[PDB]
């Protein structure tokens, strides 16, 4: 029941659901997954089903990991609902702390150049083959996009990017926001 309250607590104005609606979704969730827990592979299946034009396995794995920096174990209903909101609802700039957790692949508290490339590659694979030709030349491969992000942050190859700086840059430089953007529809849309 009151798992819905803590979901609302953590999404706040990001929510697309009332407490009653979340409880309804939860009861349906329990019919299909009675433990109230979903594994990474079950989570990946949701994205595979709903992004048929793409190759969403890596993306879904990184989103799952954003909760804990762990590929093992499960998400509960709260984390599952929050995950779907992060990928698919609301405004990117209301998600910046979560975005830091997405990009900090190993969970060590800072983002490295390789981590940016890993996440940018996973997001890139969410784009349909048809759409990637609308990409600007200097943003049309994962390497180009990740290096542009790293350059906008003023970083050398072995530098570390902190949460403070990530939040600042993603707020202030709209090119950084556009390039780190992780919601597939928003990448698609801005492209078009």
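Positions refer to the first chain, counted from 1.
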Query raised in the report: Mean C-alpha B factor from the entry: is it higher for 137-145 or for 59-67?
Result: 137-145
Query raised in the report: Taking the recorded C-alpha temperature factors, which stretch has the higher mean, 179-187 or 5-13?
Result: 5-13
Report task. Identify, among 164, 31, 37, 125, the residue whose C-alpha carries the highest B-factor in the deposited PDB entry. Result -> 31
Query raised in the report: For the listed residues 115, 97, 76, 72, which one has the largest C-alpha B-factor as given in the deposited model?
Result: 72
**Report entry** For residue 132, the third of its chain into which the C-alpha B factor falls
**Finding:** highest
**Report entry** Relative C-alpha B-factor of residue 92, binned into the chain's lowest, middle or highest third
**Finding:** highest
Query raised in the report: Is the Cα B-factor recorded for residue 168 in the lowest, middle or highest third of its chain?
Result: lowest
